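The structure appears right after this line, and notes come after that.
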Amino acid sequence: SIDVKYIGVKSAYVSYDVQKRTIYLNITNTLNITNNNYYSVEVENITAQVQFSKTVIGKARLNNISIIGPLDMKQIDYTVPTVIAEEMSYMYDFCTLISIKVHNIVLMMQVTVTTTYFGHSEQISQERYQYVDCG
Amino acid sequence: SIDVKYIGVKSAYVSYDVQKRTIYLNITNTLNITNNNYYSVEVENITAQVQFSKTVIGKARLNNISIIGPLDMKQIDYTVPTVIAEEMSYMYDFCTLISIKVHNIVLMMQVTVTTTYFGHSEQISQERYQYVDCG
Amino acid sequence: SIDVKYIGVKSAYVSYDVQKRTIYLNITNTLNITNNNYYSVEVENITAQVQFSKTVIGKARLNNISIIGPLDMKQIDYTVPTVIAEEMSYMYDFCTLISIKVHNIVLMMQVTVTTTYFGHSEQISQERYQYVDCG
Ligand SMILES: *[C@@H]1O[C@H](CO)[C@@H](O)[C@H](O)[C@H]1NC(C)=O
Ligand SMILES: *[C@@H]1O[C@H](CO)[C@@H](O)[C@H](O)[C@H]1NC(C)=O
Ligand SMILES: *[C@@H]1O[C@H](CO)[C@@H](O)[C@H](O)[C@H]1NC(C)=O
Ligand SMILES: *[C@@H]1O[C@H](CO)[C@@H](O)[C@H](O)[C@H]1NC(C)=O
Ligand SMILES: *[C@@H]1O[C@H](CO)[C@@H](O)[C@H](O)[C@H]1NC(C)=O
Ligand SMILES: *[C@@H]1O[C@H](CO)[C@@H](O)[C@H](O)[C@H]1NC(C)=O
Ligand SMILES: *[C@@H]1O[C@H](CO)[C@@H](O)[C@H](O)[C@H]1NC(C)=O
Ligand SMILES: *[C@@H]1O[C@H](CO)[C@@H](O)[C@H](O)[C@H]1NC(C)=O
Ligand SMILES: *[C@@H]1O[C@H](CO)[C@@H](O)[C@H](O)[C@H]1NC(C)=O
Ligand SMILES: *[C@@H]1O[C@H](CO)[C@@H](O)[C@H](O)[C@H]1NC(C)=O
Ligand SMILES: *[C@@H]1O[C@H](CO)[C@@H](O)[C@H](O)[C@H]1NC(C)=O
Ligand SMILES: *[C@@H]1O[C@H](CO)[C@@H](O)[C@H](O)[C@H]1NC(C)=O
């Protein structure tokens, strides 16, 4: 993961952020640039060789080699009564982003209950922009 | 994952963000650029060799080699009564993005209960823009 | 993870942030640049060789070699009654981002209950921008 970037307003290799009142003139700004990037990553050469009970040559009664489980998860239990029992909102809004009593959930799961798993996984997750940009 | 980017308003390799009042003139701005990018990633050369109980040559009674389970997940249980028992909203809005009592859920799952899985998975997830841009 | 960056407003290799009132002129600004980057990372050459009970040659009764479990997680239990029992909100807002009684949850899980797992995982997670930019 080479560039996990979080630039705030903006990114740029070569920028001229000139943004208030600036009489500027007769500039030469010669720019030779050689920005080579090389990426030679994640060269897996693996030989797992994953094996159960290779050679029971004779008479070996085997039993219960791999008991995974039993198991529960019960991950998300809000259990939120919220018995206000007198609501008088009287809610005057102006140009406000306003989230009320919302349940934003992003449950991303992968590679669950898999005996074996080679190679690789990847879970990216962007989040909301939500730009009012009011007057 | 080379560029997991989150640029805020904008990205640009070579930009001129000139955005207030700026008399500018007679500029040469020569730009030689060699931006080569090379990506040589994720070269898997794997030999899993995944095997159960290769050679029971003789008389081996085998039993219960791999008991996965039993199991439950029960992931999302809101259980949200919300018995207000007197609602007088009286809700005057102006140019407001307003989420009320919404349940945004994005449940992304993959590769579940798979004995074996080679290669790779990938779960991207963008989120909402929601740009009012009011007056 | 080479650049886990968190730039605040902005990033740039070669910038000219000129943003208040500045008479500037006759500048030469010659820039020879050789910004080569090389990335030769994560070259796995592994030979796991992961194996149970290779050779029971004779008569060995085996039993319960690997009992994982039983187990629970029960991760998220809000259990939030919030019985206000007299709500008089009277909530006048001006151009305010306002989150009220919201439950932002991002549950990212991966590679769960997997006997073996080669290669690599990756969980990025961006978060919300939420730029009002009011008057
Ligand atoms: C910009 O260049 C011209 C031509 O060489 C020169 O006459 C002028 O004086 C320069 N600008 C200023 C503000 O002097
Ligand atoms: C520009 O940069 C390249 C790469 O280093 C170089 O080969 C070339 O000679 C340079 N040219 C000038 C005019 O500086
Ligand atoms: C991968 O491993 C095998 C086994 O030793 C070897 O013969 C081969 O040259 C390796 N290749 C690379 C690119 O590492
Ligand atoms: C194997 O595991 C199961 C799972 O509970 C159990 O019921 C059984 O008795 C075990 N076998 C032996 C021989 O103990
Ligand atoms: C821009 O260039 C012209 C021609 O060389 C020059 O006469 C002028 O003075 C320059 N600009 C300014 C503001 O001086
Ligand atoms: C521009 O850059 C390339 C790459 O380095 C180089 O071969 C070429 O000579 C350069 N030309 C000039 C005019 O700088
Ligand atoms: C892949 O592995 C095999 C086994 O050793 C080897 O013969 C071959 O050269 C390897 N190839 C690469 C590109 O690594
Ligand atoms: C194998 O596992 C099952 C799962 O509960 C169990 O009922 C059974 O008794 C097990 N076998 C032995 C021989 O214990
Ligand atoms: C900028 O360059 C011109 C031409 O050489 C020169 O006459 C002028 O005086 C310079 N600017 C200022 C403010 O002197
Ligand atoms: C620019 O930099 C490159 C790389 O070091 C070099 O080969 C070239 O000669 C340089 N050119 C000048 C004009 O400085
Ligand atoms: C990987 O390991 C094998 C086993 O010793 C060896 O033959 C091979 O040269 C190695 N390759 C690399 C690129 O390390
Ligand atoms: C093997 O483990 C299971 C799991 O509880 C148990 O019931 C069983 O009695 C164990 N076997 C022996 C021989 O103890």
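Note on naming: chains are A, B, ... as they come in the structure tokens, residues start from 1 per chain, ligands start from 1 in the order shown.
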Handout entry: Nearby residues, ligand 9, 12 Å, only C-alpha atoms and all ligand atoms, as a ChimeraX atom specification
Key = /A:23-28 /B:26 /C:22-28
**Message:** With only C-alpha atoms as the counted atoms, please give the residues lying no more than 10 Å from residue 109 in chain A, apart from itself and same-chain residues fewer than 5 positions off, as JSON, numbers by chain.
**Reply:** {"A": [123], "B": [107, 108, 109, 110, 111, 112, 123], "C": [107, 108, 109, 110, 111, 112]}
The selected residues should be written to file as a short mmCIF file (atom, residue, chain, number, x, y, z; two decimals), in the first residue's frame (atoms: N, CA and C atoms).
data_model
loop_
_atom_site.label_atom_id
_atom_site.label_comp_id
_atom_site.auth_asym_id
_atom_site.auth_seq_id
_atom_site.Cartn_x
_atom_site.Cartn_y
_atom_site.Cartn_z
N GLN A 123 -10.15 -4.77 0.87
CA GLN A 123 -11.38 -4.06 1.23
C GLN A 123 -11.10 -2.57 1.35
N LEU B 107 -24.45 -3.75 3.10
CA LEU B 107 -23.88 -5.04 3.51
C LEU B 107 -23.25 -5.70 2.29
N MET B 108 -21.93 -5.57 2.16
CA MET B 108 -21.16 -6.25 1.13
C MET B 108 -20.45 -7.46 1.74
N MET B 109 -20.82 -8.66 1.28
CA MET B 109 -20.13 -9.88 1.68
C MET B 109 -19.67 -10.63 0.44
N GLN B 110 -18.58 -11.37 0.58
CA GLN B 110 -18.18 -12.28 -0.49
C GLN B 110 -17.25 -13.36 0.04
N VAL B 111 -17.12 -14.43 -0.75
CA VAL B 111 -16.28 -15.57 -0.41
C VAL B 111 -16.63 -16.08 0.98
N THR B 112 -17.85 -16.59 1.13
CA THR B 112 -18.34 -17.13 2.39
C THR B 112 -18.54 -18.63 2.26
N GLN B 123 -13.16 -5.73 -2.73
CA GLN B 123 -14.40 -5.04 -2.37
C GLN B 123 -14.13 -3.54 -2.25
N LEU C 107 -18.41 -1.49 10.22
CA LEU C 107 -17.87 -2.78 10.65
C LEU C 107 -17.24 -3.47 9.44
N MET C 108 -15.93 -3.36 9.32
CA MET C 108 -15.16 -4.07 8.31
C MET C 108 -14.47 -5.28 8.93
N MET C 109 -14.86 -6.48 8.49
CA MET C 109 -14.20 -7.71 8.91
C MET C 109 -13.74 -8.48 7.69
N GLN C 110 -12.66 -9.25 7.84
CA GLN C 110 -12.28 -10.18 6.78
C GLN C 110 -11.37 -11.26 7.34
N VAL C 111 -11.25 -12.34 6.57
CA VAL C 111 -10.44 -13.50 6.92
C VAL C 111 -10.80 -13.98 8.32
N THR C 112 -12.03 -14.47 8.47
CA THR C 112 -12.53 -14.98 9.74
C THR C 112 -12.76 -16.48 9.63
#
If we count only C-alpha atoms and set the cut-off at 8 Å, which residues sit around residue 128 in chain C, ignoring sequence neighbours fewer than 6 positions away in its own chain? Please answer as a ChimeraX atom specification.
/A:126-130
Please write the residues from the selection above to a file, keeping C-alpha atoms, as a short mmCIF file (atom, residue, chain, number, x, y, z; two decimals), in the first residue's frame.
data_model
loop_
_atom_site.label_atom_id
_atom_site.label_comp_id
_atom_site.auth_asym_id
_atom_site.auth_seq_id
_atom_site.Cartn_x
_atom_site.Cartn_y
_atom_site.Cartn_z
CA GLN A 126 -14.76 5.45 0.81
CA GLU A 127 -17.13 7.60 2.87
CA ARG A 128 -19.68 10.29 2.07
CA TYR A 129 -18.74 13.71 0.72
CA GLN A 130 -21.90 15.62 1.80
#
Just fit chain C onto chain B on all the Cα atoms, in order, by least squares, and give it as a compact mmCIF listing (two decimals) with N, CA and C atoms, in the first residue's frame.
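File out-v7.txt, as written:
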# COMPACT_ATOMS: atom_id res chain seq x y z
N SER C 1 -2.20 -2.08 -3.60
CA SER C 1 -3.06 -0.86 -3.59
C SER C 1 -2.20 0.39 -3.59
N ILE C 2 -1.90 0.93 -4.76
CA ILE C 2 -0.83 1.92 -4.83
C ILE C 2 -1.35 3.31 -4.50
N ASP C 3 -2.44 3.73 -5.13
CA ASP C 3 -3.06 5.04 -4.87
C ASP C 3 -4.48 4.83 -4.37
N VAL C 4 -4.64 4.68 -3.06
CA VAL C 4 -5.96 4.80 -2.43
C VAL C 4 -6.11 6.27 -2.06
N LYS C 5 -6.61 7.05 -3.02
CA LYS C 5 -6.61 8.50 -2.89
C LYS C 5 -7.93 9.02 -2.33
N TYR C 6 -7.85 10.14 -1.60
CA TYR C 6 -9.03 10.85 -1.08
C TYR C 6 -8.95 12.36 -1.32
N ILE C 7 -8.59 12.80 -2.53
CA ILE C 7 -8.38 14.23 -2.75
C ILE C 7 -9.66 14.99 -2.42
N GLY C 8 -9.51 16.09 -1.69
CA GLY C 8 -10.64 16.81 -1.14
C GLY C 8 -11.57 17.53 -2.09
N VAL C 9 -11.09 18.56 -2.79
CA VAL C 9 -11.82 19.13 -3.92
C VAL C 9 -11.25 18.67 -5.26
N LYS C 10 -9.93 18.59 -5.41
CA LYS C 10 -9.44 18.36 -6.76
C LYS C 10 -7.99 17.91 -6.81
N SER C 11 -7.69 17.13 -7.84
CA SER C 11 -6.33 16.69 -8.10
C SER C 11 -5.90 17.11 -9.50
N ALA C 12 -4.60 17.34 -9.65
CA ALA C 12 -4.08 17.56 -10.99
C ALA C 12 -2.57 17.46 -11.00
N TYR C 13 -2.01 16.82 -12.03
CA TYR C 13 -0.56 16.67 -12.08
C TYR C 13 0.12 18.04 -12.14
N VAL C 14 -0.17 18.81 -13.19
CA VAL C 14 0.36 20.17 -13.36
C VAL C 14 -0.84 21.11 -13.47
N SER C 15 -1.15 21.84 -12.40
CA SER C 15 -2.25 22.79 -12.41
C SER C 15 -1.75 24.22 -12.25
N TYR C 16 -2.56 25.16 -12.73
CA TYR C 16 -2.45 26.58 -12.40
C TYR C 16 -3.78 27.02 -11.78
N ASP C 17 -3.89 26.89 -10.47
CA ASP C 17 -5.07 27.36 -9.75
C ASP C 17 -4.92 28.86 -9.51
N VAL C 18 -5.35 29.66 -10.48
CA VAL C 18 -5.29 31.12 -10.37
C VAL C 18 -6.72 31.64 -10.30
N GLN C 19 -7.17 32.07 -9.11
CA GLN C 19 -8.60 32.22 -8.90
C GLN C 19 -9.03 33.49 -8.17
N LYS C 20 -8.17 34.49 -7.99
CA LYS C 20 -8.61 35.85 -7.71
C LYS C 20 -7.79 36.80 -8.57
N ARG C 21 -7.95 38.10 -8.34
CA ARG C 21 -7.75 39.10 -9.38
C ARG C 21 -6.28 39.46 -9.56
N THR C 22 -5.70 39.03 -10.68
CA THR C 22 -4.25 38.87 -10.77
C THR C 22 -3.84 39.19 -12.21
N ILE C 23 -3.36 40.41 -12.43
CA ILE C 23 -2.86 40.77 -13.76
C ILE C 23 -1.52 40.06 -13.95
N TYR C 24 -1.52 39.03 -14.80
CA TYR C 24 -0.30 38.26 -15.04
C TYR C 24 -0.01 38.04 -16.52
N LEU C 25 1.25 38.29 -16.90
CA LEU C 25 1.53 38.39 -18.33
C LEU C 25 3.01 38.17 -18.64
N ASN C 26 3.27 37.75 -19.90
CA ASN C 26 4.63 37.52 -20.39
C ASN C 26 5.36 36.42 -19.63
N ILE C 27 4.72 35.26 -19.48
CA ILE C 27 5.31 34.16 -18.72
C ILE C 27 5.60 33.05 -19.73
N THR C 28 6.71 32.34 -19.55
CA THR C 28 7.11 31.36 -20.56
C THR C 28 6.74 29.92 -20.21
N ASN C 29 6.83 29.53 -18.94
CA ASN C 29 6.26 28.27 -18.42
C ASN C 29 6.58 27.06 -19.29
N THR C 30 7.81 26.97 -19.79
CA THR C 30 8.21 25.75 -20.50
C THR C 30 8.18 24.57 -19.55
N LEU C 31 7.59 23.45 -20.00
CA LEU C 31 7.44 22.24 -19.18
C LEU C 31 7.76 20.99 -19.99
N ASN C 32 9.01 20.55 -19.93
CA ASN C 32 9.33 19.18 -20.32
C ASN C 32 8.97 18.23 -19.19
N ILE C 33 8.20 17.19 -19.49
CA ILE C 33 7.79 16.21 -18.48
C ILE C 33 7.87 14.81 -19.07
N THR C 34 8.51 13.90 -18.34
CA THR C 34 8.48 12.47 -18.66
C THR C 34 7.96 11.70 -17.44
N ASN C 35 6.64 11.55 -17.36
CA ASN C 35 5.98 10.85 -16.25
C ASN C 35 5.66 9.39 -16.60
N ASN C 36 6.69 8.57 -16.81
CA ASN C 36 6.44 7.14 -17.01
C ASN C 36 6.10 6.46 -15.69
N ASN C 37 5.04 5.66 -15.70
CA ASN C 37 4.70 4.77 -14.59
C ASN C 37 4.74 3.32 -15.06
N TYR C 38 5.38 2.46 -14.28
CA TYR C 38 5.41 1.02 -14.52
C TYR C 38 4.75 0.28 -13.36
N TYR C 39 3.86 -0.66 -13.69
CA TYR C 39 3.16 -1.49 -12.70
C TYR C 39 3.34 -2.96 -13.06
N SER C 40 4.06 -3.70 -12.22
CA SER C 40 4.43 -5.09 -12.45
C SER C 40 4.03 -5.96 -11.27
N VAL C 41 2.81 -5.78 -10.77
CA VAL C 41 2.44 -6.23 -9.44
C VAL C 41 1.67 -7.54 -9.51
N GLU C 42 1.54 -8.19 -8.35
CA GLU C 42 0.73 -9.40 -8.16
C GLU C 42 1.03 -10.48 -9.21
N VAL C 43 2.29 -10.89 -9.25
CA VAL C 43 2.71 -12.05 -10.04
C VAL C 43 2.73 -13.25 -9.09
N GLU C 44 1.60 -13.95 -9.01
CA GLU C 44 1.52 -15.17 -8.21
C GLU C 44 2.03 -16.37 -9.00
N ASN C 45 2.95 -17.13 -8.39
CA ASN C 45 3.52 -18.35 -8.96
C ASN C 45 3.29 -19.55 -8.04
N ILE C 46 2.09 -19.69 -7.48
CA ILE C 46 1.90 -20.55 -6.32
C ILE C 46 1.58 -21.98 -6.73
N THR C 47 2.05 -22.94 -5.93
CA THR C 47 1.69 -24.35 -6.03
C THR C 47 1.07 -24.79 -4.70
N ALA C 48 -0.25 -24.62 -4.58
CA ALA C 48 -0.94 -24.91 -3.32
C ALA C 48 -0.65 -26.31 -2.80
N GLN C 49 -1.00 -27.33 -3.59
CA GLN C 49 -0.84 -28.72 -3.18
C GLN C 49 -1.60 -28.99 -1.87
N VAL C 50 -2.92 -28.83 -1.92
CA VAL C 50 -3.77 -28.91 -0.74
C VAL C 50 -4.53 -30.22 -0.80
N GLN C 51 -4.34 -31.06 0.21
CA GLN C 51 -4.77 -32.44 0.10
C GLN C 51 -5.13 -33.05 1.45
N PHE C 52 -6.23 -33.79 1.49
CA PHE C 52 -6.65 -34.54 2.67
C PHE C 52 -6.36 -36.03 2.49
N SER C 53 -5.84 -36.65 3.54
CA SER C 53 -5.83 -38.11 3.70
C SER C 53 -5.27 -38.83 2.47
N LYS C 54 -4.00 -38.54 2.17
CA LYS C 54 -3.43 -38.95 0.88
C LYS C 54 -3.50 -40.46 0.69
N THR C 55 -2.90 -41.22 1.61
CA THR C 55 -2.71 -42.66 1.44
C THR C 55 -3.02 -43.38 2.76
N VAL C 56 -4.26 -43.82 2.92
CA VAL C 56 -4.55 -44.81 3.95
C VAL C 56 -4.35 -46.18 3.30
N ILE C 57 -3.11 -46.66 3.33
CA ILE C 57 -2.75 -47.90 2.64
C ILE C 57 -3.49 -49.10 3.23
N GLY C 58 -3.53 -49.21 4.56
CA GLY C 58 -3.96 -50.47 5.14
C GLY C 58 -5.43 -50.53 5.50
N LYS C 59 -5.74 -50.66 6.81
CA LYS C 59 -7.11 -50.54 7.29
C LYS C 59 -7.14 -49.57 8.48
N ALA C 60 -7.28 -48.28 8.17
CA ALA C 60 -7.50 -47.22 9.15
C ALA C 60 -8.92 -46.69 9.01
N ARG C 61 -9.80 -47.03 9.94
CA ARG C 61 -11.09 -46.36 9.98
C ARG C 61 -10.89 -44.89 10.37
N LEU C 62 -11.16 -43.98 9.43
CA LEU C 62 -11.12 -42.56 9.76
C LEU C 62 -12.51 -42.00 10.04
N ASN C 63 -12.52 -40.87 10.76
CA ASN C 63 -13.79 -40.27 11.15
C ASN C 63 -13.59 -38.81 11.52
N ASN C 64 -14.61 -38.01 11.20
CA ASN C 64 -14.73 -36.59 11.56
C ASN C 64 -13.40 -35.84 11.41
N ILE C 65 -12.85 -35.89 10.19
CA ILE C 65 -11.59 -35.20 9.95
C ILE C 65 -11.76 -33.68 10.07
N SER C 66 -12.82 -33.13 9.47
CA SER C 66 -13.03 -31.67 9.44
C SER C 66 -14.51 -31.37 9.70
N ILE C 67 -14.86 -31.13 10.96
CA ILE C 67 -16.17 -30.59 11.32
C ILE C 67 -16.02 -29.09 11.56
N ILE C 68 -16.25 -28.31 10.51
CA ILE C 68 -16.59 -26.90 10.68
C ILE C 68 -18.04 -26.81 11.14
N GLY C 69 -18.32 -25.86 12.02
CA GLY C 69 -19.68 -25.61 12.45
C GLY C 69 -20.07 -26.45 13.65
N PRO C 70 -21.30 -26.28 14.14
CA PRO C 70 -22.36 -25.38 13.66
C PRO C 70 -22.14 -23.93 14.07
N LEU C 71 -22.80 -22.94 13.47
CA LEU C 71 -22.49 -21.56 13.80
C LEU C 71 -23.59 -20.63 13.30
N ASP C 72 -23.75 -19.51 14.01
CA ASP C 72 -24.63 -18.45 13.56
C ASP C 72 -23.90 -17.11 13.49
N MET C 73 -24.51 -16.19 12.74
CA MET C 73 -23.95 -14.84 12.62
C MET C 73 -24.82 -13.77 13.26
N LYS C 74 -26.10 -13.68 12.88
CA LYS C 74 -27.05 -12.72 13.46
C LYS C 74 -26.44 -11.32 13.54
N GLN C 75 -26.03 -10.80 12.39
CA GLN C 75 -25.14 -9.64 12.40
C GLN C 75 -25.88 -8.36 12.80
N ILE C 76 -26.90 -7.99 12.04
CA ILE C 76 -27.57 -6.70 12.18
C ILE C 76 -28.90 -6.93 12.88
N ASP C 77 -29.00 -6.50 14.15
CA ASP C 77 -30.23 -6.53 14.94
C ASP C 77 -30.42 -5.13 15.52
N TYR C 78 -31.11 -4.26 14.77
CA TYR C 78 -31.37 -2.92 15.29
C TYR C 78 -32.16 -2.97 16.60
N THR C 79 -33.36 -3.55 16.55
CA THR C 79 -34.22 -3.66 17.73
C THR C 79 -34.42 -2.29 18.38
N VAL C 80 -35.01 -1.37 17.61
CA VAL C 80 -35.11 0.03 18.02
C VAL C 80 -36.59 0.39 18.15
N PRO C 81 -37.18 0.24 19.35
CA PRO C 81 -38.61 0.58 19.53
C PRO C 81 -39.00 2.01 19.17
N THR C 82 -38.35 3.01 19.76
CA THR C 82 -38.64 4.42 19.50
C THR C 82 -40.13 4.74 19.64
N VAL C 83 -40.65 4.54 20.85
CA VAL C 83 -42.05 4.87 21.15
C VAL C 83 -42.04 6.27 21.75
N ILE C 84 -42.17 7.27 20.87
CA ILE C 84 -42.12 8.66 21.31
C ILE C 84 -43.33 9.02 22.17
N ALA C 85 -44.51 8.58 21.76
CA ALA C 85 -45.79 8.67 22.45
C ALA C 85 -46.32 10.09 22.64
N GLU C 86 -45.61 11.13 22.18
CA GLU C 86 -46.25 12.37 21.75
C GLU C 86 -45.30 13.06 20.76
N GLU C 87 -45.59 12.97 19.46
CA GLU C 87 -44.81 13.71 18.47
C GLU C 87 -45.58 14.93 17.98
N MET C 88 -45.04 16.12 18.26
CA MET C 88 -45.46 17.37 17.62
C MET C 88 -44.23 17.93 16.90
N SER C 89 -44.04 17.53 15.64
CA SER C 89 -42.83 17.89 14.90
C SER C 89 -42.68 19.40 14.73
N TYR C 90 -43.63 20.05 14.05
CA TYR C 90 -43.52 21.49 13.77
C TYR C 90 -42.14 21.84 13.20
N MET C 91 -41.85 21.29 12.02
CA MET C 91 -40.49 21.25 11.48
C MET C 91 -40.46 22.09 10.21
N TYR C 92 -40.03 23.34 10.39
CA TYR C 92 -39.82 24.28 9.30
C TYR C 92 -38.38 24.15 8.82
N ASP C 93 -38.18 23.78 7.56
CA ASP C 93 -36.84 23.70 6.99
C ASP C 93 -36.63 24.72 5.88
N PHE C 94 -35.39 25.20 5.83
CA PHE C 94 -34.75 25.98 4.78
C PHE C 94 -33.72 25.05 4.15
N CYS C 95 -32.90 25.55 3.23
CA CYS C 95 -32.34 24.67 2.21
C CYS C 95 -31.25 23.79 2.82
N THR C 96 -31.74 22.82 3.59
CA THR C 96 -30.98 21.90 4.43
C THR C 96 -31.04 20.50 3.85
N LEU C 97 -29.90 19.89 3.57
CA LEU C 97 -29.93 18.43 3.51
C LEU C 97 -30.34 17.92 4.88
N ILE C 98 -31.34 17.05 4.91
CA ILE C 98 -31.90 16.55 6.17
C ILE C 98 -32.26 15.08 6.03
N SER C 99 -31.51 14.22 6.72
CA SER C 99 -31.85 12.81 6.87
C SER C 99 -32.55 12.61 8.21
N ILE C 100 -33.78 12.11 8.18
CA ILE C 100 -34.53 11.79 9.39
C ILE C 100 -34.82 10.30 9.42
N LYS C 101 -34.45 9.65 10.53
CA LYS C 101 -34.81 8.26 10.83
C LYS C 101 -34.57 7.33 9.65
N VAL C 102 -33.49 7.55 8.92
CA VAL C 102 -33.14 6.70 7.78
C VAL C 102 -32.13 5.67 8.25
N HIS C 103 -32.22 4.47 7.66
CA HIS C 103 -31.30 3.38 7.96
C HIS C 103 -30.51 3.07 6.69
N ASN C 104 -29.39 3.77 6.51
CA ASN C 104 -28.45 3.48 5.43
C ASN C 104 -27.65 2.24 5.77
N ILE C 105 -27.85 1.16 5.02
CA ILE C 105 -27.10 -0.08 5.19
C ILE C 105 -26.48 -0.46 3.85
N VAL C 106 -25.18 -0.76 3.87
CA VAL C 106 -24.49 -1.35 2.72
C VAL C 106 -23.79 -2.60 3.24
N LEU C 107 -24.45 -3.75 3.10
CA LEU C 107 -23.88 -5.04 3.51
C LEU C 107 -23.25 -5.70 2.29
N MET C 108 -21.93 -5.57 2.16
CA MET C 108 -21.16 -6.25 1.13
C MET C 108 -20.45 -7.46 1.73
N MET C 109 -20.82 -8.66 1.28
CA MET C 109 -20.14 -9.88 1.68
C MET C 109 -19.67 -10.63 0.44
N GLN C 110 -18.58 -11.37 0.58
CA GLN C 110 -18.18 -12.28 -0.49
C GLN C 110 -17.25 -13.36 0.04
N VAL C 111 -17.12 -14.43 -0.75
CA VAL C 111 -16.28 -15.57 -0.41
C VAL C 111 -16.63 -16.08 0.98
N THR C 112 -17.85 -16.60 1.13
CA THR C 112 -18.34 -17.13 2.39
C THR C 112 -18.54 -18.63 2.26
N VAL C 113 -18.14 -19.36 3.31
CA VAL C 113 -18.26 -20.82 3.38
C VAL C 113 -17.72 -21.46 2.11
N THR C 114 -16.51 -21.08 1.71
CA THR C 114 -15.84 -21.69 0.56
C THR C 114 -14.64 -22.49 1.06
N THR C 115 -14.66 -23.81 0.80
CA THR C 115 -13.57 -24.67 1.24
C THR C 115 -12.21 -24.10 0.85
N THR C 116 -11.97 -23.91 -0.45
CA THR C 116 -10.75 -23.27 -0.91
C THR C 116 -11.04 -22.11 -1.85
N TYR C 117 -10.08 -21.19 -1.90
CA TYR C 117 -10.23 -20.00 -2.74
C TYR C 117 -8.85 -19.48 -3.11
N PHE C 118 -8.51 -19.61 -4.39
CA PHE C 118 -7.25 -19.09 -4.91
C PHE C 118 -7.46 -17.70 -5.51
N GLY C 119 -6.37 -17.12 -5.99
CA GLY C 119 -6.48 -15.85 -6.69
C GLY C 119 -6.74 -14.72 -5.71
N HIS C 120 -7.71 -13.85 -6.00
CA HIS C 120 -7.88 -12.71 -5.12
C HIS C 120 -9.30 -12.16 -5.15
N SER C 121 -9.66 -11.50 -4.05
CA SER C 121 -10.92 -10.79 -3.94
C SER C 121 -10.67 -9.28 -3.92
N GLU C 122 -11.74 -8.52 -4.10
CA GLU C 122 -11.65 -7.06 -4.11
C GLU C 122 -13.02 -6.47 -3.83
N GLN C 123 -13.16 -5.73 -2.73
CA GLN C 123 -14.40 -5.04 -2.37
C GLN C 123 -14.13 -3.54 -2.25
N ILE C 124 -14.39 -2.79 -3.32
CA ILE C 124 -14.45 -1.34 -3.21
C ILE C 124 -15.85 -0.91 -2.78
N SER C 125 -15.94 0.27 -2.17
CA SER C 125 -17.25 0.82 -1.80
C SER C 125 -17.16 2.34 -1.75
N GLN C 126 -17.66 3.00 -2.79
CA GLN C 126 -17.87 4.44 -2.74
C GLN C 126 -19.04 4.78 -1.81
N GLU C 127 -19.13 6.05 -1.43
CA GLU C 127 -20.26 6.55 -0.66
C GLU C 127 -20.86 7.79 -1.33
N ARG C 128 -22.01 8.21 -0.80
CA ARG C 128 -22.84 9.23 -1.44
C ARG C 128 -22.11 10.56 -1.56
N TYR C 129 -22.41 11.29 -2.64
CA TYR C 129 -21.93 12.67 -2.77
C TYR C 129 -22.81 13.66 -2.02
N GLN C 130 -24.10 13.74 -2.39
CA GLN C 130 -25.11 14.53 -1.69
C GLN C 130 -24.71 16.02 -1.59
N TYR C 131 -24.56 16.66 -2.75
CA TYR C 131 -24.22 18.09 -2.81
C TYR C 131 -25.48 18.93 -3.03
N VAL C 132 -25.98 19.53 -1.95
CA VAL C 132 -27.08 20.50 -2.07
C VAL C 132 -26.72 21.62 -3.04
N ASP C 133 -25.65 22.36 -2.74
CA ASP C 133 -25.28 23.58 -3.45
C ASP C 133 -26.48 24.52 -3.58
N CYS C 134 -26.99 24.94 -2.42
CA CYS C 134 -28.12 25.85 -2.36
C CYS C 134 -27.65 27.29 -2.57
N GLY C 135 -28.62 28.20 -2.64
CA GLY C 135 -28.34 29.59 -2.91
C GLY C 135 -27.55 30.26 -1.80
